[PDB]
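Residue numbers for the sequence shown, in the authors' numbering: 2 to 298, 306 to 473, 480 to 585. Notes for the one structure printed next.
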Amino acid sequence: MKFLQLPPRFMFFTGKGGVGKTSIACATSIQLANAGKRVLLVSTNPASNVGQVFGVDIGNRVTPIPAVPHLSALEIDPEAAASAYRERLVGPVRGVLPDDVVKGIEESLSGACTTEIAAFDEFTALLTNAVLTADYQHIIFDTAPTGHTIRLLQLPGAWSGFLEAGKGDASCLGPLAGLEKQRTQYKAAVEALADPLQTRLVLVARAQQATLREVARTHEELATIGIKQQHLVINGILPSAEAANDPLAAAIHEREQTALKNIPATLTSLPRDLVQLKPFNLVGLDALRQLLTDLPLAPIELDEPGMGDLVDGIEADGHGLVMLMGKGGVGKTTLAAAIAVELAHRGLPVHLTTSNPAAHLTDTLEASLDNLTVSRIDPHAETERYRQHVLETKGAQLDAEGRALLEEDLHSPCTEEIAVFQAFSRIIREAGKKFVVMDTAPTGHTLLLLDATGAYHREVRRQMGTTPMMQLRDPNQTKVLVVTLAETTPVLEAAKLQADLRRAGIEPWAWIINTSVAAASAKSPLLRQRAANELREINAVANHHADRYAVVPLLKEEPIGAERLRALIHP
Ligand SMILES: Nc1ncnc2c1ncn2[C@@H]1O[C@H](COP(=O)(O)OP(=O)(O)OP(=O)(O)O)[C@@H](O)[C@H]1O
Ligand SMILES: Nc1ncnc2c1ncn2[C@@H]1O[C@H](COP(=O)(O)OP(=O)(O)OP(=O)(O)O)[C@@H](O)[C@H]1O
Ligand SMILES: [As]
Ligand SMILES: [Mg+2]
Ligand SMILES: [Mg+2]
Numbered sequence: 002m003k004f005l006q007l008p009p010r011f012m013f014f015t016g017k018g019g020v021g022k023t024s025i026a027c028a029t030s031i032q033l034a035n036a037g038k039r040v041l042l043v044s045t046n047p048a049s050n051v052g053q054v055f056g057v058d059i060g061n062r063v064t065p066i067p068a069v070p071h072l073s074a075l076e077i078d079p080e081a082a083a084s085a086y087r088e089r090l091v092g093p094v095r096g097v098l099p100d101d102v103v104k105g106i107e108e109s110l111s112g113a114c115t116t117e118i119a120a121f122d123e124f125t126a127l128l129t130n131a132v133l134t135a136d137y138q139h140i141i142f143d144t145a146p147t148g149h150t151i152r153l154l155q156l157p158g159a160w161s162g163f164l165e166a167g168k169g170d171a172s173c174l175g176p177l178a179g180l181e182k183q184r185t186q187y188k189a190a191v192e193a194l195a196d197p198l199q200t201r202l203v204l205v206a207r208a209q210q211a212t213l214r215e216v217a218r219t220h221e222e223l224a225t226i227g228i229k230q231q232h233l234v235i236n237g238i239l240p241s242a243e244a245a246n247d248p249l250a251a252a253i254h255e256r257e258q259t260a261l262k263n264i265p266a267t268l269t270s271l272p273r274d275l276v277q278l279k280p281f282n283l284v285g286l287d288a289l290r291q292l293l294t295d296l297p298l306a307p308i309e310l311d312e313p314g315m316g317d318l319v320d321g322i323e324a325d326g327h328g329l330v331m332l333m334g335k336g337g338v339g340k341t342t343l344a345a346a347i348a349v350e351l352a353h354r355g356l357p358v359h360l361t362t363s364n365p366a367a368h369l370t371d372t373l374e375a376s377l378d379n380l381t382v383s384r385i386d387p388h389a390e391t392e393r394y395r396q397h398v399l400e401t402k403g404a405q406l407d408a409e410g411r412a413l414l415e416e417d418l419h420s421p422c423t424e425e426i427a428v429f430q431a432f433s434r435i436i437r438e439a440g441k442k443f444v445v446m447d448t449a450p451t452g453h454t455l456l457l458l459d460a461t462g463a464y465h466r467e468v469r470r471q472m473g480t481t482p483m484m485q486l487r488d489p490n491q492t493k494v495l496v497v498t499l500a501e502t503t504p505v506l507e508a509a510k511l512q513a514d515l516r517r518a519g520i521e522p523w524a525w526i527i528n529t530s531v532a533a534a535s536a537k538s539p540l541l542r543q544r545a546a547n548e549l550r551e552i553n554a555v556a557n558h559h560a561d562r563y564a565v566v567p568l569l570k571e572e573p574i575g576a577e578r579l580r581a582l583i584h585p
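Following this line, the structure appears as structure tokens:
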């Protein structure tokens, strides 16, 4: 593998959701550790659990993997990190200050900005601090889908620019934030990210035109940030030997070949590695030890409920919010577009929204349909809207110097997040009179947006003197659908997401097993084995996790445009 050639200390595996960042990161960490190196594997995705991949109980603590000598694993928990940050800020004054003052200080640290900054501080401590990672020769970061990862990697530069501009009064974080003591650390992080001899950035993609376009956009953004000498890894490439004697495999292979040949002109120069599709789920060392090397090398008739029944059930309501959630890459955007176009074709007023920052619905819907309002949440426009709204609502009474200080405070990088939340809330407020199909951002970001803990609400009311959850908790006006894949890790992640939703009072309305190879009768031996492995996950979802569910096959033609999207609802 090209990226496994004189690797630097740090290696970032970025890309669109579901492309194989975690699988490839685990495989490379295993390969490096087995070579005699001291490797640490950091997982920056809140919604994923590398313990299921490795079979060990990896947690926030740096836990060695017994199966692989010299390999250790770590998971950055935003909530645990926030609790540790709050404790280290509040403990010195426990008893010293009056209990009322302690309660007030704890109140000031309950906002979502503190939750963001704690995780960011842990990330930059892993990047820069030397004592913290002294006994590791390599640190492999496995990031969340690109939508959140680009913001994570932009945060170092944004915070460094905010601090070095002389505007250190990030009143959102509180008077005890003490951002200045991290001023150098953040700066160091930037210098660590933009140095090709310290960090290697690997963009993981799949042989699909939409994925390749999004990866090209991500590469443009990262190059703008300052990261140089990136590598590219195309994963899930169906072997060319399976195309024979299987029309489905032949169509998939032809589509992947065309996507590779039509790669965006920007990515044609990056050193490119190719990872094939394997007949087994990449769980455990036995399956992860043979991911980066090619395998030497009647169909199942599946009859499961379709998605037309779910769309009929949604339409029977006549209005409300349909929120699509799940693991990255499961097909949330495709299914959102399909539901929206089907409802629009049924003569209903539909509003299709995308909460993902790095979103482009044109990859799916390239037409201008009728009875369909397609929109997206632009973080920059929303940030400017929120900034102006706060300035006029709260800055009117403040004097000129007060208004200037408020403007400096509103320019902190955390503001965008709360701005996005506001936008999200506003959108959710229009679902009572028309269908609102919301394709959500990565699972962790969306779960924070739901604001079950009230952090975002506290922050926005602090900056500005019915919450979304009060509406999501009400089945009469919302329908949360969990999109999964008929695979081990996707199903476990969906089960954990469902548990998180139920803990907050939200009961998912249905499950959608997307791109199931079992449903699409496949004759090639590889696809036969994949379907055989998918049967158990389908049974687990049907009998255990989901009471109402739908199964969508693996379409031979990638679903793009109104015709194909409406066809996967009526197969
Ligand atoms: N049934 C299907 N058959 C074939 N390809 C599919 C199917 N469903 C989705 N895809 C393809 O899966 C790719 C990734 O799915 P998609 O972008 O819709 O998922 P997502 O949940 O929005 O992902 P992410 O969280 O990474 O943004 C898309 O290119 C889409 O073409
Ligand atoms: N080369 C491959 N061959 C077969 N299956 C693969 C391959 N790469 C990934 N997968 C499957 O992809 C599924 C999702 O991949 P994975 O969890 O590695 O993605 P990710 O990029 O970490 O996802 P997320 O964005 O949600 O964090 C896993 O079930 C794994 O089985
Ligand atoms: As803030
Ligand atoms: Mg992952
Ligand atoms: Mg999406």
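For every residue, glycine included, the Cβ atom is placed at its ideal position computed from N, Cα and C.
Contact under 7 Å by Cβ, residue i with residue j
{"i": "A195", "j": "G16", "result": "no"}
{"i": "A509", "j": "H453", "result": "no"}
{"i": "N490", "j": "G339", "result": "no"}
{"i": "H220", "j": "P272", "result": "no"}
{"i": "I583", "j": "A500", "result": "no"}
{"i": "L180", "j": "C114", "result": "no"}
{"i": "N236", "j": "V20", "result": "yes"}
{"i": "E76", "j": "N61", "result": "yes"}
{"i": "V234", "j": "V284", "result": "no"}
{"i": "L495", "j": "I526", "result": "yes"}
{"i": "residue 302", "j": "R10", "result": "Residue numbering in the chain breaks between 298 and 306, and residue 302 falls inside that break, so it has no position here."}
{"i": "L289", "j": "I66", "result": "no"}
Extent of the continuous beta strand (DSSP E) run through residue i
{"i": "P567", "result": "563-567"}
{"i": "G334", "result": "328-334"}
{"i": "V358", "result": "358-362"}
{"i": "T529", "result": "524-530"}
{"i": "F443", "result": "443-447"}
{"i": "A244", "result": "No beta strand (DSSP E) holds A244; DSSP gives it neither H nor E."}
{"i": "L380", "result": "380-382"}
{"i": "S73", "result": "72-76"}
{"i": "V91", "result": "First-last for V91: 79-91, but that is the alpha helix (DSSP H), not the beta strand (DSSP E)."}
Buried versus exposed, by CB contacts within 10 Å (16 or more), residue i
{"i": "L7", "result": "exposed"}
{"i": "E309", "result": "exposed"}
{"i": "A344", "result": "buried"}
{"i": "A28", "result": "buried"}
{"i": "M472", "result": "exposed"}
{"i": "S84", "result": "exposed"}
{"i": "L511", "result": "buried"}
{"i": "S241", "result": "exposed"}
{"i": "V97", "result": "exposed"}
{"i": "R214", "result": "buried"}
{"i": "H388", "result": "exposed"}
{"i": "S376", "result": "exposed"}
{"i": "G334", "result": "buried"}
{"i": "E243", "result": "buried"}
{"i": "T401", "result": "exposed"}
Terminal residues of the alpha helix (DSSP H) in which residue i lies
{"i": "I151", "result": "147-165"}
{"i": "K493", "result": "Note, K493: premise wrong, no alpha helix (DSSP H); beta strand (DSSP E) at 492-499."}
{"i": "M483", "result": "482-486"}
{"i": "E350", "result": "340-353"}
{"i": "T423", "result": "421-436"}
{"i": "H397", "result": "387-402"}
{"i": "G16", "result": "Taken as a continuous stretch (DSSP letters only), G16 belongs to no alpha helix (DSSP H), being part of the beta strand (DSSP E) at 11-16."}
{"i": "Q543", "result": "539-554"}
{"i": "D100", "result": "100-109"}
{"i": "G237", "result": "It is not in any alpha helix (DSSP H) - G237 instead sits in the beta strand (DSSP E) that spans 232-238."}
{"i": "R466", "result": "463-471"}
Practice problem: Could you name the residues whose beta carbon sits closer than 6 Å to any heavy atom belonging to ligand 4, keeping them in chain order? | Solution: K22, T23, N46, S49, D143
Quiz item: Should the stretch 521-537 be regarded as contacting the stretch 556-573, the criterion being three or more beta carbon pairs within less than 8 Å?
Solution: yes
Quiz item: Does the count of Cβ pairs from the stretch 454-467 and the stretch 382-389 closer than 8 Å reach three?
Solution: no
Quiz item: Below 8 Å, can you find three or more Cβ-Cβ pairs linking the stretch 317-334 to the stretch 481-499?
Solution: yes
Quiz prompt | contact_flag[the stretch 135-155, the stretch 36-47] where n(CB pairs < 8 Å) is 3 or more | solution = yes
Quiz item: For ligand 5, which residues count as neighbours when the test is a C-beta closer than 6 Å to any heavy atom?
Solution: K340, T341, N364, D447
Quiz item: Is it a yes or a no for the stretch 208-224 touching the stretch 250-269, going by three-plus beta-carbon pairs under 8 Å?
Solution: yes
Quiz item: Closer than 7 Å from C-beta to any heavy atom of ligand 3: which residues, in chain order?
Solution: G112, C114, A171, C173, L174, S420, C422, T423, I426, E467
Quiz item: Is the number of C-beta pairs between the stretch 437-455 and the stretch 126-142 that are closer than 8 Å three or more?
Solution: no
Quiz item: Quick check: the stretch 111-127 against the stretch 417-433, are there 3 or more CB pairs under 8 Å?
Solution: yes
Quiz item: Does the stretch 28-41 touch the stretch 63-76, meaning 3 or more C-beta pairs lie closer than 8 Å?
Solution: yes
Practice problem: Determine contact between the stretch 313-327 and the stretch 346-357, defined as no fewer than three beta-carbon pairs at a distance below 8 Å. | Solution: yes
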